[PDB]
Amino acid sequence: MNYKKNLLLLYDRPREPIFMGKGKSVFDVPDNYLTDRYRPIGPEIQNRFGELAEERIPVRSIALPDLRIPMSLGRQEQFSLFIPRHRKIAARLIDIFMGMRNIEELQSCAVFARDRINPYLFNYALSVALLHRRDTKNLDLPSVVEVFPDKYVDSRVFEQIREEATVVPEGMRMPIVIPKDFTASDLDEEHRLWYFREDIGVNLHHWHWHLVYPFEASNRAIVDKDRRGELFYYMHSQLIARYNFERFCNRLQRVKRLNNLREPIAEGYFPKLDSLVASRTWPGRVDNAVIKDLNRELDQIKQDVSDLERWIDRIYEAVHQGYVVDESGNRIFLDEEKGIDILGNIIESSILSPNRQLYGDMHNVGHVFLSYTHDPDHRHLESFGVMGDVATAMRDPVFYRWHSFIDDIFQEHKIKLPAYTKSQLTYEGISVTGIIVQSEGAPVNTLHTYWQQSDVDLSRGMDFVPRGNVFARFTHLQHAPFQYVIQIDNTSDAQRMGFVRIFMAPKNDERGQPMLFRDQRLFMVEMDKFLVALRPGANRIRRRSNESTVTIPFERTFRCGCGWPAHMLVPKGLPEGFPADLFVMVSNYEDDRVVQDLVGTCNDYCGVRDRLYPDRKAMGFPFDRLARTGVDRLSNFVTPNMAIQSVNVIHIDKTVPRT
Amino acid sequence: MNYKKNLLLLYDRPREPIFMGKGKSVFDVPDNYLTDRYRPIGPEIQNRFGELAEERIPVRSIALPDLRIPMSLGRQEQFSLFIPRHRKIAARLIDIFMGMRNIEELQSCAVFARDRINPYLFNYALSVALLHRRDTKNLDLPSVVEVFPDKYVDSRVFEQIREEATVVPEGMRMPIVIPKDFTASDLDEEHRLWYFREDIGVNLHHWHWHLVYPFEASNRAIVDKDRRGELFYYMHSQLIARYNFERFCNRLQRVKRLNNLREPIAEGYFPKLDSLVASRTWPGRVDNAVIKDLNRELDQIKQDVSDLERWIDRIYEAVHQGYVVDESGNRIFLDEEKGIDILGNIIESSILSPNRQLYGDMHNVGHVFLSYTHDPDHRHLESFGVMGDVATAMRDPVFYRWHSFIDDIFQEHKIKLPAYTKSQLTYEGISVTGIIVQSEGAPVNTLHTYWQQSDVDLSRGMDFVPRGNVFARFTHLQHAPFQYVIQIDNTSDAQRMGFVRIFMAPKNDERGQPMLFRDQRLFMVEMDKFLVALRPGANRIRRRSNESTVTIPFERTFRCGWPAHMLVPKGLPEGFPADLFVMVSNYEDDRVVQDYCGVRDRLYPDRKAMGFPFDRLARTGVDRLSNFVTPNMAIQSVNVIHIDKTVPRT
Ligand SMILES: [Cu+2]
Ligand SMILES: [Cu+2]
Ligand SMILES: [Cu+2]
Ligand SMILES: [Cu+2]
């Protein structure tokens with residue numbers, strides 16, 4: 001109905017009162033729906049903003065549950081799901097919106113609440129409700145860049161956008177260029193990874209992944225998704241694999257983990273963001289900051305570093321022991337199948353953790369510690385730095401160090417699992433004899449990258465700015481389109497089903513030696529995974545880069561287990577060319593199959609919002625475990641149903657248009 | 001003429017282009033005066049903003065000197081006079097405006113430049129030109145709070161002012177309350193001094209003092225004001241005396257100096273300001289930050305901490321030696337008269353310094369070091385913290401530590417001067433027999449303080465905001481009006497002229513005994529200094545608090561000296577004990593013929609050293625105030641009572 005489209009108007013101009021009129025519509029709000037500030041002059045307002053509006057949306061006055069808890073958080077405050085207190089507030093609001101039976105009462109509850117609660121919080125609470133109600137399905141939620149550009153853009157632009165919108169008439173407005181490589185100069189070698197850390201795309205993917213797989217609320221409210229623990233492990237694990245790749249393409253070494261929390265953090269990061277909702281800026285972190293015990297009475301944080309250390313010590317113990325203990329006292333075994341999934345819920349701390357109290361909230365609490373080094377006891381009345389918000393966490397270099405450490409803990413479990421036997425990863429009959437890649441106007445087995453400007457309308461997000469269009473020009477990494485061509489022989493006499501699994505890693509190390517398996521297995525980034533039907537004899541399989549099941553289209557972002565930006569699919573490489581091993585495996589789909597019916601949807605990649613995850617094999621399956629005896633490098637790890645290919649990744653420092 | 005009033009329109013809405021129309025007027029700018037962005041759509045603009053304007057100001061197209069250097073500083077960048085490079089840019093722009101023939105070209109040069117150079121820089125360069133130009137005298141420059149509220153107000157208000165101005169019609173707009181005590185909670189005991197550090201008044205006084213008495217290379221005529229070195233010493237010295245007073249009224253100890261620069265700085269400060277011109281916020285400083293060697297290639301700063309330490313070591317040496325050495329190699333003696341004045345120019349590094357190269361730029365460079373602890377090599381592309389701008393420097397607690405240190409160095413010279421002899425501070429014939437104070441509805445010898453909201457129109461400063469009024473409500477310390485009553489006997493047979501010098505200090509120490517002189521002399525804050533004619537026999541002198549020569553009225557500081565509402569320390573609810581002191585000196589000796597306090601435009605009207613009775617050590621035998629006194633002086637126990645209530649302005 002219309003109602004579905006009318007809720008989307010709530011996302012429009014989050015800080016402009018709801019009675020000011022969104023898009024080509026305006027709400028006809030009751031007077032008991034007006035805020036205390038504006039209620040005493042309600043007559044003057046409804047009339048004043050009624051003009052220039054095509055439609056007028058009525059709103060029925062209903063009960064509305066107690067909104068004390070939702071309103072506890074200040075309006076000009078920041079909102080993060082990592083902070084214990086905010087979790088209880090959001091989970092309560094989510095509960096209200098979720099608990100409105102009708103799509104009409106949801107509209108009424110929303111319209112009332114919207115101008116009383118924290119915009120960032122409202123956006124989250126609504127987003128979660130809409131995505132996981134039955135009546136509001138297939139609903140295309142506006143990009144959070146468009147509603148909250150302050151979390152994605154250098155603060156400098158805002159006073160330019162205000163100038164441009166006030167001075168120049170619509171239609172003649174110049175696109176505002178968004179600064180790139182702006183957080184640090186060349187004295188900081190970390191500044192080279194701007195195109196990854198600070199890319200709009202990857203930050204959106206991270207935010208959205210945490211939307212669809214929360215770790216707190218209600219198991220029926222989306223917490224208990226199939227293998228979300230393993231997902232949490234793998235997704236984040238692939239972030240670092242991809243990061244480590246991009247590091248090698250900028251003459252840097254692999255990211256060093258956060259060994260121990262008492263030693264200083266070498267790499268500081270000033271993010272250059274200004275929250276228009278908090279009206280403040282995000283604090284920076286200085287070089288050689290040290291983690292400090294937190295006492296944030298307001299936020300309900302009373303945590304010592306030793307608490308974190310204690311959780312880690314215990315988790316390590318469990319992993320080595322090979323089992324965990326639940327609240328009840330029973331033992332649950334970290335087996336080949338569900339081990340990783342369990343560990344994930346334990347480490348992140350999802351209410352699915354079999355004993356939160358013992359093994360703690362290790363990952364999340366780490367994010368808070370790292371974000372509050374500048375003001376840990378709240379004496380300076382400062383908010384958390386960028387690592388304290390999922391929306392912005394990936395911008396900071398320390399993210400990759402903390403997430404690197406966490407990964408090592410997971411690894412400690414994976415190296416206990418028994419090696420995949422020759423048998424287990426052979427497909428009797430099937431043989432892959434070669435794989436190549438071809439780009440238009442470029443040699444075989446060669447990928448190209450470059451810079452590319454794209455445009456985004458930030459108009460809906462610019463509160464109290466003269467209406468009209470406000471286009472911003474993002475510069476971001478892009479790759480030339482390509483396609484894989486895979487030669488597979490059947491030699492069986494029957495149609496064989498198979499999973500095509502495509503990963504890509506560096507060929508050599510940082511020192512220039514052909515990489516060993518033990519090393520290289522952890523640097524393989526998934527590139528595609530799709531089902532294929534093979535006829536007897538010979539089969540030529542062709543697959544486009546844009547068909548990738550790891551990726552989501554351009555259109556979705558601007559307009560894994562969840563959608564990685566398409567333009568970030570290929571590592572940057574070097575101008576002189578960066579050598580890389582392309583790997584493909586065809587596994588026996590009959591074993592890997594997960595009997596299930598789905599057409600799929602994602603964040604709103606096929607989707608996988610349907611109960612189960614469509615692959616019985618472990619995530620990162622060929623390379624998640626150690627090598628079997630005798631294996632030493634990729635070229636002797638291979639079975640017949642696998643193939644390797646030398647690829648060369650060439651960057652070109654030029655800015656192509658979008659066409 | 002009109003021209004004088006037309007320049008004042010440049011101060012209106014600094015970031016709104018000059019062709020958008022200021023007040024009830026608009027400028028008719030040439031097309032070669034437009035900016036490159038807006039030039040190609042000139043046809044659409046001049047017409048679009050021509051409407052709703054009563055007057056239209058024409059502007060003649062002139063040659064215009066090269067504006068390369070002025071334009072070198074980015075538009076979205078911060079501007080500080082402490083940074084070496086900015087000094088050279090501003091001094092060059094000042095030079096351009098200053099060099100324009102008529103006030104028809106001053107207006108033309110200005111109108112062109114305004115939208116090409118950094119607003120903060122423009123404001124400074126213009127302010128300086130107008131204040132010291134030939135045709136432009138007695139011109140009332142708009143308060144810098146009204147043009148740049150971002151340097152004086154929590155950033156939180158800005159999005160409220162934008163909301164209020166867009167939603168609510170004029171006339172029905174609610175005044176925006178400005179948050180007070182907002183930079184730190186009660187876990188930080190320093191937060192108590194918000195009413196002084198963060199008070200609009202005192203921050204304006206500091207900014208303005210540096211306007212009228214620069215040290216900047218600039219030109220020697222502008223910088224060389226009578227005894228500006230001693231002024232620099234005394235004014236800043238009184239800031240800390242007053243600060244130390246306010247500390248005692250908040251159950252704190254005296255401010256500790258910055259002993260040595262290698263040790264951490266305990267007190268951090270996040271100022272909560274957001275520069276709308278830079279579109280960023282000012283960085284904070286964390287607890288236990290350490291000073292670090294600066295390498296800001298862009299700003300032209302290559303200074304090591306050891307450089308600073310070397311300057312200090314040398315300055316100390318000179319002070320103890322008793323003389324300095326000029327560039328030429330000659331020796332100049334730090335005598336009783338001009339010693340302090342010299343030292344001032346040496347320490348701040350004013351171009352008047354007899355040897356900048358040797359004794360350095362000690363005070364100023366310190367401000368930069370302290371403001372860049374968070375990003376000293378520019379690797380993080382961050383700007384300076386609050387201590388890097390005179391406009392905001394007093395907000396940070398470290399200001400008082402750094403300025404406390406500097407004062408100790410001056411003191412090291414003052415303790416070398418010979419004690420004032422009984423003779424030197426006696427007035428033969430004159431005897432002061434008593435001084436008292438009286439407030440309406442309050443016992444004798446009792447001062448009261450409290451909080452008071454006042455209103456300021458920040459409308460001129462709110463760029464790209466719907467036109468109308470935008471009143472902001474400041475909460476600030478205030479004192480009940482009072483008056484001194486002084487009983488003076490002549491016993492001479494002739495009319496005697498005299499200077500009345502009134503200071504106030506704390507009465508007792510940490511242990512609850514009468515403070516000793518050595519201690520107390522440094523805590524005396526000047527309260528008034530005025531000329532009086534005494535008839536033979538007995539004289540009853542009466543002086544109102546609002547007549548103070550240390551102070552200037554409310555009206556000036558909201559539209560220059562020390563804010564009037566800050567004249568009296570806060571005191572305690574239970575009452576704070578204080579010694580009120582008055583001295584009558586022989587005006588004939590003190591006279592400086594001639595046809596106040598810190599800022600006097602003319603030569604300084606007092607031959608005596610600034611601080612006079614207490615600048616030097618005690619003569620032998622003297623031990624406390626009550627035996628320092630001569631007949632022509634008087635002491636009085638005063639009690640300062642605070643009341644935590646908010647009175648209106650009426
Ligand atoms: Cu995450
Ligand atoms: Cu994380
Ligand atoms: Cu100063
Ligand atoms: Cu200073």
# chains A, B, ... in the order shown; residues from 1 in each chain; ligands from 1

call {"tool": "closest_atom_pairs", "arguments": {"of": "chain B", "to": "chain A", "cutoff": "8 Å", "atoms": "only C-alpha atoms", "output": "JSON lines"}}
result
{"residue": "B:16", "atom": "CA", "partner": "A:163", "partner_atom": "CA", "distance": 7.5}
{"residue": "B:45", "atom": "CA", "partner": "A:168", "partner_atom": "CA", "distance": 7.9}
{"residue": "B:76", "atom": "CA", "partner": "A:156", "partner_atom": "CA", "distance": 7.4}
{"residue": "B:155", "atom": "CA", "partner": "A:279", "partner_atom": "CA", "distance": 6.0}
{"residue": "B:156", "atom": "CA", "partner": "A:279", "partner_atom": "CA", "distance": 4.9}
{"residue": "B:157", "atom": "CA", "partner": "A:279", "partner_atom": "CA", "distance": 7.9}
{"residue": "B:158", "atom": "CA", "partner": "A:279", "partner_atom": "CA", "distance": 7.5}
{"residue": "B:159", "atom": "CA", "partner": "A:279", "partner_atom": "CA", "distance": 6.7}
{"residue": "B:162", "atom": "CA", "partner": "A:464", "partner_atom": "CA", "distance": 6.7}
{"residue": "B:163", "atom": "CA", "partner": "A:464", "partner_atom": "CA", "distance": 6.6}
{"residue": "B:166", "atom": "CA", "partner": "A:464", "partner_atom": "CA", "distance": 6.7}
{"residue": "B:167", "atom": "CA", "partner": "A:45", "partner_atom": "CA", "distance": 7.8}
{"residue": "B:168", "atom": "CA", "partner": "A:45", "partner_atom": "CA", "distance": 7.7}
{"residue": "B:182", "atom": "CA", "partner": "A:381", "partner_atom": "CA", "distance": 7.8}
{"residue": "B:183", "atom": "CA", "partner": "A:380", "partner_atom": "CA", "distance": 6.4}
{"residue": "B:184", "atom": "CA", "partner": "A:380", "partner_atom": "CA", "distance": 4.5}
{"residue": "B:185", "atom": "CA", "partner": "A:379", "partner_atom": "CA", "distance": 5.3}
{"residue": "B:186", "atom": "CA", "partner": "A:379", "partner_atom": "CA", "distance": 7.2}
{"residue": "B:187", "atom": "CA", "partner": "A:379", "partner_atom": "CA", "distance": 5.3}
{"residue": "B:188", "atom": "CA", "partner": "A:379", "partner_atom": "CA", "distance": 5.7}
{"residue": "B:269", "atom": "CA", "partner": "A:380", "partner_atom": "CA", "distance": 7.1}
{"residue": "B:270", "atom": "CA", "partner": "A:380", "partner_atom": "CA", "distance": 6.5}
{"residue": "B:272", "atom": "CA", "partner": "A:280", "partner_atom": "CA", "distance": 7.2}
{"residue": "B:274", "atom": "CA", "partner": "A:280", "partner_atom": "CA", "distance": 7.1}
{"residue": "B:276", "atom": "CA", "partner": "A:159", "partner_atom": "CA", "distance": 7.2}
{"residue": "B:277", "atom": "CA", "partner": "A:159", "partner_atom": "CA", "distance": 7.9}
{"residue": "B:278", "atom": "CA", "partner": "A:156", "partner_atom": "CA", "distance": 6.9}
{"residue": "B:279", "atom": "CA", "partner": "A:156", "partner_atom": "CA", "distance": 4.9}
{"residue": "B:280", "atom": "CA", "partner": "A:155", "partner_atom": "CA", "distance": 6.0}
{"residue": "B:281", "atom": "CA", "partner": "A:281", "partner_atom": "CA", "distance": 6.3}
{"residue": "B:283", "atom": "CA", "partner": "A:283", "partner_atom": "CA", "distance": 7.8}
{"residue": "B:286", "atom": "CA", "partner": "A:374", "partner_atom": "CA", "distance": 5.8}
{"residue": "B:287", "atom": "CA", "partner": "A:374", "partner_atom": "CA", "distance": 7.8}
{"residue": "B:374", "atom": "CA", "partner": "A:286", "partner_atom": "CA", "distance": 5.9}
{"residue": "B:375", "atom": "CA", "partner": "A:286", "partner_atom": "CA", "distance": 7.7}
{"residue": "B:378", "atom": "CA", "partner": "A:185", "partner_atom": "CA", "distance": 7.5}
{"residue": "B:379", "atom": "CA", "partner": "A:185", "partner_atom": "CA", "distance": 5.1}
{"residue": "B:380", "atom": "CA", "partner": "A:184", "partner_atom": "CA", "distance": 4.4}
{"residue": "B:381", "atom": "CA", "partner": "A:184", "partner_atom": "CA", "distance": 5.6}
{"residue": "B:382", "atom": "CA", "partner": "A:270", "partner_atom": "CA", "distance": 7.7}
{"residue": "B:464", "atom": "CA", "partner": "A:166", "partner_atom": "CA", "distance": 6.6}

call {"tool": "write_last_selection", "arguments": {"atoms": "C-alpha atoms", "output": "compact mmCIF listing (two decimals), in the first residue's frame"}}
result
# COMPACT_ATOMS: atom_id res chain seq x y z
CA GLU B 16 28.36 34.85 2.99
CA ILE B 45 23.41 36.60 -9.04
CA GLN B 76 38.86 26.72 5.24
CA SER B 155 29.30 23.89 19.00
CA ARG B 156 26.03 22.23 20.11
CA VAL B 157 24.04 25.47 19.84
CA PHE B 158 24.73 25.97 16.12
CA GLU B 159 22.31 23.25 14.94
CA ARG B 162 19.72 26.73 12.48
CA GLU B 163 16.58 24.80 13.51
CA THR B 166 14.26 27.86 9.86
CA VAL B 167 11.17 26.53 11.69
CA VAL B 168 9.91 29.41 13.86
CA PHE B 182 30.35 22.16 29.76
CA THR B 183 34.02 21.32 29.01
CA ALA B 184 34.55 18.93 31.97
CA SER B 185 32.63 17.19 34.78
CA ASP B 186 33.24 17.30 38.55
CA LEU B 187 35.81 14.48 38.35
CA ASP B 188 38.06 17.26 36.98
CA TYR B 269 41.40 20.17 28.01
CA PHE B 270 38.83 19.47 25.27
CA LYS B 272 34.20 21.79 22.63
CA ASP B 274 33.73 23.92 16.22
CA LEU B 276 32.53 27.04 11.07
CA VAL B 277 35.25 28.71 8.94
CA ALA B 278 37.50 25.61 9.04
CA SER B 279 34.34 23.44 9.17
CA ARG B 280 36.32 21.27 11.63
CA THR B 281 36.61 21.33 15.43
CA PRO B 283 41.62 19.35 18.68
CA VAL B 286 44.71 14.43 26.51
CA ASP B 287 45.78 13.97 30.13
CA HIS B 374 48.54 15.83 19.28
CA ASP B 375 50.14 16.30 15.84
CA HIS B 378 51.69 17.28 10.63
CA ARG B 379 51.40 13.57 9.75
CA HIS B 380 47.71 13.66 10.80
CA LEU B 381 46.90 16.87 8.90
CA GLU B 382 45.38 18.36 12.09
CA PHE B 464 23.60 30.97 5.55

call {"tool": "residues_near_ligand", "arguments": {"ligand": "ligand 2", "cutoff": "8 Å", "atoms": "only C-alpha atoms and all ligand atoms", "output": "list in words"}}
result
residues 236, 363, 364, 367, 390, 393, 399, 402 and 403 of chain A

call {"tool": "closest_atom_pairs", "arguments": {"of": "chain B", "to": "ligand 4", "cutoff": "8 Å", "atoms": "only C-alpha atoms and all ligand atoms", "output": "Markdown table"}}
result
| residue | atom | partner | partner_atom_place_in_ligand_line | distance |
| --- | --- | --- | --- | --- |
| B:236 | CA | ligand 4 | 1 (Cu) | 7.8 |
| B:363 | CA | ligand 4 | 1 (Cu) | 6.3 |
| B:364 | CA | ligand 4 | 1 (Cu) | 6.5 |
| B:367 | CA | ligand 4 | 1 (Cu) | 6.5 |
| B:390 | CA | ligand 4 | 1 (Cu) | 7.0 |
| B:393 | CA | ligand 4 | 1 (Cu) | 7.2 |
| B:399 | CA | ligand 4 | 1 (Cu) | 7.0 |
| B:402 | CA | ligand 4 | 1 (Cu) | 7.9 |
| B:403 | CA | ligand 4 | 1 (Cu) | 6.4 |

call {"tool": "residues_around", "arguments": {"residues": "residue 500 in chain A", "least_positions_apart": "6", "cutoff": "7 Å", "atoms": "only C-alpha atoms", "output": "ChimeraX atom specification"}}
result
/A:529-532,584-587

call {"tool": "atom_distance", "arguments": {"atom1": "CA of residue 642 in chain B", "atom2": "CA of residue 571 in chain B"}}
result
5.5 Å

call {"tool": "atom_distance", "arguments": {"atom1": "CA of residue 568 in chain B", "atom2": "CA of residue 586 in chain B"}}
result
27.2 Å

call {"tool": "residues_around", "arguments": {"residues": "range 613-620 of chain A", "least_positions_apart": "2", "cutoff": "6 Å", "atoms": "only C-alpha atoms", "output": "list in words"}}
result
residues 592, 593, 594, 623 and 624 of chain A

call {"tool": "select_by_dssp", "arguments": {"residues": "range 138-317 of chain A", "states": "alpha helix (DSSP H)", "output": "PyMOL selection string"}}
result
chain A and resi 144-147+158-167+194-197+200-212+228-248+305-317

call {"tool": "residues_around", "arguments": {"residues": "range 407-420 of chain A", "least_positions_apart": "2", "cutoff": "9 Å", "atoms": "only C-alpha atoms", "output": "PyMOL selection string"}}
result
chain A and resi 233+236-237+240+257+312+315-316+319-320+322+334-336+339-340+343-344+347+402-405+422-425+622+624-629

call {"tool": "write_last_selection", "arguments": {"atoms": "C-alpha atoms", "output": "JSON list (two decimals), in the first residue's frame"}}
result
[["chain", "number", "residue", "atom", "x", "y", "z"],
["A", 233, "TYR", "CA", 34.47, -15.45, 11.94],
["A", 236, "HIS", "CA", 35.81, -10.44, 9.38],
["A", 237, "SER", "CA", 38.56, -12.96, 8.49],
["A", 240, "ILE", "CA", 41.87, -8.84, 6.90],
["A", 257, "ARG", "CA", 48.06, -8.13, 15.56],
["A", 312, "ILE", "CA", 41.15, -13.96, 26.43],
["A", 315, "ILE", "CA", 38.93, -18.48, 25.59],
["A", 316, "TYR", "CA", 42.44, -19.67, 24.64],
["A", 319, "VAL", "CA", 40.18, -23.68, 22.41],
["A", 320, "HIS", "CA", 43.20, -25.75, 23.49],
["A", 322, "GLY", "CA", 38.84, -28.48, 22.82],
["A", 334, "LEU", "CA", 34.38, -27.73, 19.57],
["A", 335, "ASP", "CA", 34.03, -30.36, 16.82],
["A", 336, "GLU", "CA", 34.82, -30.09, 13.09],
["A", 339, "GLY", "CA", 33.12, -25.71, 16.70],
["A", 340, "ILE", "CA", 33.89, -22.54, 14.72],
["A", 343, "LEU", "CA", 33.57, -19.96, 19.07],
["A", 344, "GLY", "CA", 32.30, -17.04, 16.97],
["A", 347, "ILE", "CA", 34.22, -14.28, 20.93],
["A", 402, "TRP", "CA", 42.44, -5.85, 16.83],
["A", 403, "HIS", "CA", 40.58, -7.95, 14.23],
["A", 404, "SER", "CA", 43.91, -9.59, 13.28],
["A", 405, "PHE", "CA", 44.43, -10.70, 16.89],
["A", 422, "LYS", "CA", 43.29, -36.40, -0.64],
["A", 423, "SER", "CA", 40.00, -38.32, -0.74],
["A", 424, "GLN", "CA", 37.91, -35.57, 0.88],
["A", 425, "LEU", "CA", 38.77, -32.91, -1.73],
["A", 622, "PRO", "CA", 39.57, -25.49, 0.64],
["A", 624, "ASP", "CA", 40.46, -23.20, 6.30],
["A", 625, "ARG", "CA", 42.45, -26.19, 7.64],
["A", 626, "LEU", "CA", 46.14, -27.19, 7.69],
["A", 627, "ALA", "CA", 47.74, -29.16, 4.85],
["A", 628, "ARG", "CA", 47.82, -32.97, 4.77],
["A", 629, "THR", "CA", 51.25, -34.63, 5.10]]
